[PDB]
Structures are given as structure tokens and as C-alpha cells.
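Report on one structure; see the data block that follows.
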Amino acid sequence: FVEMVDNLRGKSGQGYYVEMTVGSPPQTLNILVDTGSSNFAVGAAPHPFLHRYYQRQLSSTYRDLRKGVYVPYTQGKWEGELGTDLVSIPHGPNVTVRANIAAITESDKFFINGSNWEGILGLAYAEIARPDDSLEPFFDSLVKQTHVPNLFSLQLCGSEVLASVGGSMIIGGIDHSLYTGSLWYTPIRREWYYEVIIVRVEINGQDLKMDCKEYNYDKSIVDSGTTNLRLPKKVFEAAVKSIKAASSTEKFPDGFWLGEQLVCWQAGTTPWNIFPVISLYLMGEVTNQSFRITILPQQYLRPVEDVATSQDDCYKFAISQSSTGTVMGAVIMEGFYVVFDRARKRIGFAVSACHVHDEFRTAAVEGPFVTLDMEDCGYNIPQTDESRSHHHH
Ligand SMILES: C[C@]12CCCO[C@@H]1[C@]1(COC(N)=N1)c1cc(-c3cccnc3F)ccc1O2
Ligand code: NI
């Protein structure tokens, strides 16, 4: 999969994107790679943050579906018109498919100034597609229309402009050059988000000792479309307390722990060793087994270059509170080669050949850990009448 290696780009904290083409003749757009959503949607009208957009009128193969779509979220929305057109990934498989495309005609706090992407590729399942689960997601169409295996894998690699990032999205396979050591699999609990189960959390080798359901309240997901490691309120509080205690030689402002303020050291003198490793134990394929993924401060402290002090190394704390469960975002994924094995309903982790580390510690993937009579760590989201009333024909 040499032709697919190094096909992702982006700016730190602003998402990873892949080049895609839409229409006939092909119109190139940069598309956010998002395992936390399920729509393929592209800017299709002028916007202050867009240099270019999908021009449906220029495409001989465009078909209007005569249906609108409206997608609200916390402090924003995108909306537009549904259609289909021919889509390819220039640095991906040598195939062209007819996919659903949402042509974004209006948005609020969707596009990001300077992110260099013009659309979003939702790689998650139909259950969370808008307007409903009958709108076939891109990857489903790709698999159904081509001989491409039902699997993709992601290797995300972490003064006036933000830092450039790179990575690989390998579609239809696993590239052995992108990882070292063992590849460990956790089950996809349910096909909507890429939902997984965390059975144990340690901070510098010390167990948080919480009821494991707390780790997955109200879900845990693997999400390339979220920058941070996001943790449920109670878990976040325990983690922050433990990390503060380890790094206690340094007294940072409250703003730092909230992700609202940078902390700096003189260039090259960052005391990495005062910050603890964080281990998340994920449910194994075998009932009473787990494996752990371990990340370093190099992953959860994000570099941000400061104009006012360019001779310092400055960092943002990239673990944040969630009210919608654990989110294993770019902070987690940058440690690892992550295999989204849809065919076998499982997610694989191995140490990334590109992860940032030092001479003392490394991001790790280790197992098995067996637990006699393992508890159920999964949370069952209370069923609303809304959800219950839906028929699924
Ligand atoms: C809010 C939605 C539209 C509705 C569905 O969720 C989308 C979301 C939020 O979380 C994920 N997984 N994708 C999303 C993430 C980013 C982003 C921003 C910064 C860095 N990386 C990114 F992916 C930008 C836009 C965006 O749009
Ligand atoms: Ni019915």
C-alpha cells in the first residue's frame, strides 16, 4: 500500500485530511477524516474560510436527490442538499464509486480558518448518519461497489502558522511498515460510532480503582475527528488529580488543566519525566482478557509555538472533560497504528512507527492481561421513547 502511505495532512489541532475528488471531470477537495461521524459532506457554496468548493454544475455525473439535510451540534451546524456523484481518492485505492454527497450550502462554526479542508468524510456507521440511517455512508458504498476489503487503518503522526501534521489512511488493508511489535484487537461493541470498552485505567502504573462502567459512561469511542483525549467527568477529575500529583514540582495555573492556557519551558528543557504515562486497558477478543495502550506526555501535551516567546517550548494540556463518554481522539491515536477492521467487528492497536517519544519511555501496546471472572464494563444508555418508537425495516 505504498501509494497510500503519507496521504494525510493537516494543521495541529485542526484535524487530518485526505485528498478526494468529486464529480466528472474530477474536482479535488481536501476532506477531514472523521471516524466519529457518518456523512460525506463538502462545502458547495462560497464561505470566507473556503478557497474552493464543490461546483455541482461543473459535474456531468452529479444527481440531485431532491432532499435537504440539516446537521446541528454543540455550538454549530452544517446544512445543505443531498445528491450523488462519482468520488475517488487519488492517493487511495484505484477505484471510483458513486456515493452520497451532502452539498453544504450554509454552516455555522463548521469550517476552520486555515485548516485547509473543505469537507468531512464520516467513516462511522449508518446508524448515526443524517438525516437517517438510510443514507448510505461513503465506506459502505465503496465496499459494496468495489472489491475493496471492508477495513481501513489510520496512522496519525503528531512561528506565524500552526505545526504541520501528516499520516496515512490505508484503505482495504494493513501496512506492516506503519507499526512495530504486536497488533492487539478490541471488539467493536456496537456498529454506530466505533464503540469500544475500557476495563481499567492507570496513571503512572497506579490503578484509578473506579467501577469500570465509569470508564464507558455513557460510551467509549475511537474518534479521529476529536483532537483530545476526552474523559467522563468523574474519570477526568481522578486523572487530573493523579497527573497533578506526579508533576507537583511544577505549579501550573488552573487555566492549564482546563486546556485554556499554555505552559512553557526553555527550548529543549521540557521535564517530560515529571509527567506520568496513561494506560487504558481495552477488552480483548477473549472474554477475560485485556490489553493496554500506554501513551506519553508527548501525546497529551500538544506543542503550540508562541509568537511572543519563540525561544520557548510551549504546551497545551489535551485531556478534557466529557459529558458524552470517553473519546479516544488524536491524542490517543497519535501513539498507534489503528486498524478499523469492520469485516471482523474489531479495532486493532499497535505501536506506531511514527509516534513521538524519548530515550526513556515509549508509547506501548501490551498484553494479554487476564482477569478471573471479568465484570461487564459496558454502559447501557437509557432508552428514550423517541428511539424505541423507530421501526427498523
Ligand atoms: C461537529 C461535526 C459535524 C457533526 C458530527 O461531528 C463532527 C465533528 C465533531 O466530532 C467529530 N468526530 N467530528 C467535527 C470535528 C472537527 C474537528 C475540529 C478540530 C479537529 N479535528 C476535527 F475533526 C470539525 C468539524 C466537525 O463537524
Ligand atoms: Ni413499521
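We label chains A, B, ... in the order they appear in the C-alpha cells, count residues from 1 in each chain, and number ligands from 1 in the order shown.
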
Exercise for review: Select the residues contacting ligand 2 at a distance of at most 10 Å, based on only C-alpha atoms and all ligand atoms, then format the selection as a list in words.
Suggested key: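 Within the 10 Å cut-off, the matching residues are residues 389, 390, 391, 392 and 393 of chain A.
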
Residues from last step as file, C-alpha atoms, as a PDB file, in the first residue's frame:
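Wrote it out as result-v2.pdb, contents follow:
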ATOM      1  CA  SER A 389     -40.629   4.111  18.561  1.00  0.00           C
ATOM      2  CA  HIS A 390     -38.357   3.884  15.490  1.00  0.00           C
ATOM      3  CA  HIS A 391     -39.079   0.951  13.192  1.00  0.00           C
ATOM      4  CA  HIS A 392     -36.079  -0.711  11.568  1.00  0.00           C
ATOM      5  CA  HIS A 393     -37.203  -2.311   8.306  1.00  0.00           C
TER       6      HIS A 393
END

Check your understanding: Which residues form the shell of 8 Å around ligand 1 when you count only C-alpha atoms and all ligand atoms, given as a ChimeraX atom specification?
Key -> /A:13-16,32-38,71-74,76-78,110-112,120,122,223-227

For the selection you just gave me, I'd like the residues written to a file as an mmCIF file, in the first residue's frame, keeping N, CA and C atoms.
data_model
loop_
_atom_site.group_PDB
_atom_site.id
_atom_site.type_symbol
_atom_site.label_atom_id
_atom_site.label_comp_id
_atom_site.auth_asym_id
_atom_site.auth_seq_id
_atom_site.Cartn_x
_atom_site.Cartn_y
_atom_site.Cartn_z
ATOM 1 N N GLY A 13 -4.183 20.210 15.761
ATOM 2 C CA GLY A 13 -5.413 20.570 16.460
ATOM 3 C C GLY A 13 -6.604 20.873 15.569
ATOM 4 N N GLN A 14 -6.413 20.765 14.254
ATOM 5 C CA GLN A 14 -7.449 21.181 13.298
ATOM 6 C C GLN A 14 -7.957 20.046 12.394
ATOM 7 N N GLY A 15 -7.504 18.825 12.675
ATOM 8 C CA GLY A 15 -7.980 17.610 12.001
ATOM 9 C C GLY A 15 -7.081 17.179 10.854
ATOM 10 N N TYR A 16 -7.059 15.876 10.594
ATOM 11 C CA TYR A 16 -6.308 15.298 9.486
ATOM 12 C C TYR A 16 -7.206 15.180 8.258
ATOM 13 N N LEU A 32 -11.687 16.190 5.636
ATOM 14 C CA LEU A 32 -11.429 15.772 7.016
ATOM 15 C C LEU A 32 -11.764 14.298 7.209
ATOM 16 N N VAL A 33 -10.810 13.535 7.746
ATOM 17 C CA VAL A 33 -11.003 12.106 8.003
ATOM 18 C C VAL A 33 -11.587 11.916 9.410
ATOM 19 N N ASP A 34 -12.852 11.505 9.478
ATOM 20 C CA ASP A 34 -13.598 11.535 10.736
ATOM 21 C C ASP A 34 -14.246 10.199 11.101
ATOM 22 N N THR A 35 -13.618 9.447 11.996
ATOM 23 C CA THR A 35 -14.213 8.165 12.412
ATOM 24 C C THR A 35 -15.323 8.358 13.457
ATOM 25 N N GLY A 36 -15.599 9.611 13.813
ATOM 26 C CA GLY A 36 -16.677 9.925 14.761
ATOM 27 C C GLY A 36 -18.000 10.383 14.160
ATOM 28 N N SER A 37 -18.147 10.261 12.840
ATOM 29 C CA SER A 37 -19.389 10.663 12.146
ATOM 30 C C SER A 37 -19.580 9.854 10.871
ATOM 31 N N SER A 38 -20.724 10.020 10.202
ATOM 32 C CA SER A 38 -21.078 9.095 9.117
ATOM 33 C C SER A 38 -21.568 9.696 7.811
ATOM 34 N N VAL A 71 -27.777 19.406 9.979
ATOM 35 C CA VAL A 71 -26.972 18.690 10.970
ATOM 36 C C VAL A 71 -26.495 19.637 12.066
ATOM 37 N N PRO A 72 -27.273 19.727 13.158
ATOM 38 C CA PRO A 72 -26.892 20.553 14.295
ATOM 39 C C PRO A 72 -25.970 19.797 15.255
ATOM 40 N N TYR A 73 -25.171 20.550 15.998
ATOM 41 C CA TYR A 73 -24.321 20.001 17.043
ATOM 42 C C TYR A 73 -24.017 21.115 18.044
ATOM 43 N N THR A 74 -23.260 20.793 19.088
ATOM 44 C CA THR A 74 -22.898 21.784 20.104
ATOM 45 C C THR A 74 -22.235 23.023 19.483
ATOM 46 N N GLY A 76 -22.992 24.835 16.778
ATOM 47 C CA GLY A 76 -22.888 24.968 15.327
ATOM 48 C C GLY A 76 -23.808 24.074 14.516
ATOM 49 N N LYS A 77 -23.690 24.174 13.196
ATOM 50 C CA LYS A 77 -24.480 23.363 12.277
ATOM 51 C C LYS A 77 -23.870 23.405 10.889
ATOM 52 N N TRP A 78 -24.126 22.359 10.117
ATOM 53 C CA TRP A 78 -23.969 22.437 8.674
ATOM 54 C C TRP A 78 -25.265 21.960 8.035
ATOM 55 N N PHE A 110 -18.529 25.474 11.482
ATOM 56 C CA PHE A 110 -18.163 24.178 10.944
ATOM 57 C C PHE A 110 -16.748 24.248 10.383
ATOM 58 N N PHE A 111 -16.557 25.038 9.326
ATOM 59 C CA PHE A 111 -15.228 25.216 8.752
ATOM 60 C C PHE A 111 -14.302 25.965 9.712
ATOM 61 N N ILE A 112 -13.011 25.659 9.609
ATOM 62 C CA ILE A 112 -11.989 26.217 10.485
ATOM 63 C C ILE A 112 -10.997 26.992 9.630
ATOM 64 N N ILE A 120 -15.969 16.857 4.951
ATOM 65 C CA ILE A 120 -15.800 15.873 6.009
ATOM 66 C C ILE A 120 -16.161 14.487 5.479
ATOM 67 N N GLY A 122 -17.177 11.136 6.954
ATOM 68 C CA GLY A 122 -17.616 10.332 8.087
ATOM 69 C C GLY A 122 -17.450 8.849 7.792
ATOM 70 N N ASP A 223 -12.113 8.068 17.865
ATOM 71 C CA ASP A 223 -12.580 9.219 17.067
ATOM 72 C C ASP A 223 -11.455 10.098 16.516
ATOM 73 N N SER A 224 -11.119 9.901 15.243
ATOM 74 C CA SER A 224 -10.088 10.709 14.578
ATOM 75 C C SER A 224 -10.512 12.173 14.432
ATOM 76 N N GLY A 225 -11.809 12.431 14.603
ATOM 77 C CA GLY A 225 -12.367 13.775 14.480
ATOM 78 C C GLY A 225 -12.411 14.581 15.771
ATOM 79 N N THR A 226 -11.750 14.077 16.805
ATOM 80 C CA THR A 226 -11.632 14.790 18.074
ATOM 81 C C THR A 226 -10.154 14.903 18.379
ATOM 82 N N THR A 227 -9.686 16.108 18.704
ATOM 83 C CA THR A 227 -8.259 16.307 18.993
ATOM 84 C C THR A 227 -7.835 15.624 20.292
#

Where does stretch 226-277 of chain A meet stretch 331-342 of chain A within 12 Å, residue by residue, with the nearest atom pair and distance in Å to one decimal for each, counting only C-alpha atoms, listed by chain and rising number, as CSV?
residue,atom,partner,partner_atom,distance
A:226,CA,A:331,CA,8.6
A:227,CA,A:331,CA,6.2
A:228,CA,A:331,CA,5.3
A:229,CA,A:331,CA,5.6
A:230,CA,A:331,CA,9.3
A:231,CA,A:332,CA,11.8
A:277,CA,A:332,CA,11.8

**Study point:** Contact residues around residue A:128 with only C-alpha atoms at 9 Å, ignoring same-chain residues under 4 positions, as a VMD selection string
**Key:** chain A and resid 37 to 39 124 132 to 133 192 to 193

Check your understanding: Would you give me, as a PyMOL selection string, the residues in stretch 73-177 of chain A that DSSP reads as strand (DSSP E)?
Key -> chain A and resi 73+76-88+97-108+119-122+152-157+164-171

Practice item. Please provide as an MDAnalysis selection string all residues within 12 Å of residue A:152, with the sequence filter that same-chain residues fewer than 6 positions apart are discarded (counting only C-alpha atoms). Key: chainID A and resid 1 4 33 35 92:93 123:124 139:140 142:143 168:175 337:344 346:348

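Separating atom CA of residue A:62 from atom CA of residue A:96 is a distance of 13.8 Å.
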
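On the backbone of this structure, DSSP gives alpha helix (DSSP H) within stretch 204-352 of chain A to residues 233, 234, 235, 236, 237, 238, 239, 240, 241, 242, 243, 244, 245, 246, 254, 255, 256, 257, 297, 298, 299, 300, 330, 331, 332 and 333 of chain A.
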
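Remark: for residue A:27, the closest of the candidate residues A:46, A:90, A:265, A:10 is A:90 (distances computed over only C-alpha atoms).
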
Review point. Atom CA of residue A:61 to atom CA of residue A:42: how many Å, to one decimal?
Key: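 Atom-to-atom, atom CA of residue A:61 and atom CA of residue A:42 are spaced 16.3 Å apart.
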
Point to revise | Contact residues around stretch 248-263 of chain A with only C-alpha atoms at 9 Å, ignoring same-chain residues under 3 positions, as a list in words | key: residues 240, 243, 244, 245, 274, 304, 313, 314, 315, 316, 317, 318, 319, 320 and 321 of chain A

Quick one: residues within 8 Å of residue A:279, only C-alpha atoms, excluding same-chain residues fewer than 5 positions away - as a PDB file with N, CA, C and O atoms, in the first residue's frame?
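Done, and the output landed in out.pdb:
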ATOM      1  N   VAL A 201      -8.088   1.729  33.982  1.00  0.00           N
ATOM      2  CA  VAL A 201      -7.268   2.902  33.671  1.00  0.00           C
ATOM      3  C   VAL A 201      -6.193   3.039  34.739  1.00  0.00           C
ATOM      4  O   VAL A 201      -6.482   2.930  35.940  1.00  0.00           O
ATOM      5  N   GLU A 202      -4.958   3.253  34.292  1.00  0.00           N
ATOM      6  CA  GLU A 202      -3.833   3.523  35.188  1.00  0.00           C
ATOM      7  C   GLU A 202      -3.137   4.823  34.806  1.00  0.00           C
ATOM      8  O   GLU A 202      -3.017   5.148  33.625  1.00  0.00           O
ATOM      9  N   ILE A 203      -2.685   5.560  35.820  1.00  0.00           N
ATOM     10  CA  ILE A 203      -1.853   6.747  35.630  1.00  0.00           C
ATOM     11  C   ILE A 203      -0.557   6.505  36.396  1.00  0.00           C
ATOM     12  O   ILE A 203      -0.594   6.261  37.604  1.00  0.00           O
ATOM     13  N   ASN A 204       0.572   6.570  35.687  1.00  0.00           N
ATOM     14  CA  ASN A 204       1.870   6.051  36.164  1.00  0.00           C
ATOM     15  C   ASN A 204       1.795   4.748  36.949  1.00  0.00           C
ATOM     16  O   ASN A 204       2.291   4.651  38.076  1.00  0.00           O
ATOM     17  N   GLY A 205       1.166   3.752  36.334  1.00  0.00           N
ATOM     18  CA  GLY A 205       1.106   2.407  36.885  1.00  0.00           C
ATOM     19  C   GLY A 205       0.154   2.246  38.048  1.00  0.00           C
ATOM     20  O   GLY A 205       0.019   1.149  38.585  1.00  0.00           O
ATOM     21  N   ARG A 292      -3.333  -3.351  27.115  1.00  0.00           N
ATOM     22  CA  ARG A 292      -3.261  -1.926  27.428  1.00  0.00           C
ATOM     23  C   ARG A 292      -2.576  -1.146  26.327  1.00  0.00           C
ATOM     24  O   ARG A 292      -1.633  -1.623  25.695  1.00  0.00           O
ATOM     25  N   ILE A 293      -3.090   0.050  26.082  1.00  0.00           N
ATOM     26  CA  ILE A 293      -2.378   1.024  25.285  1.00  0.00           C
ATOM     27  C   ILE A 293      -1.910   2.102  26.247  1.00  0.00           C
ATOM     28  O   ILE A 293      -2.671   2.561  27.117  1.00  0.00           O
ATOM     29  N   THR A 294      -0.646   2.465  26.105  1.00  0.00           N
ATOM     30  CA  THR A 294       0.003   3.390  27.011  1.00  0.00           C
ATOM     31  C   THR A 294       0.489   4.582  26.213  1.00  0.00           C
ATOM     32  O   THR A 294       1.239   4.419  25.247  1.00  0.00           O
ATOM     33  N   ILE A 295       0.060   5.779  26.611  1.00  0.00           N
ATOM     34  CA  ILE A 295       0.550   6.998  25.955  1.00  0.00           C
ATOM     35  C   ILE A 295       1.427   7.844  26.872  1.00  0.00           C
ATOM     36  O   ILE A 295       1.365   7.738  28.101  1.00  0.00           O
TER      37      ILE A 295
END

Check your understanding: Using only C-alpha atoms, which of A:378, A:268, A:276, A:167 sits nearest residue A:218?
Key ->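 That would be A:378, the residue with the smallest distance to residue A:218.
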
**Study point:** All residues 9 Å or closer to residue A:67, only C-alpha atoms, same chain fewer than 6 positions away omitted, as a ChimeraX atom specification
**Key:** /A:80-83

Review point. Of the residues A:359, A:118, A:376, A:64, which is the one nearest to residue A:214, using only C-alpha atoms?
Key: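 The answer is A:376, which sits nearest to residue A:214.
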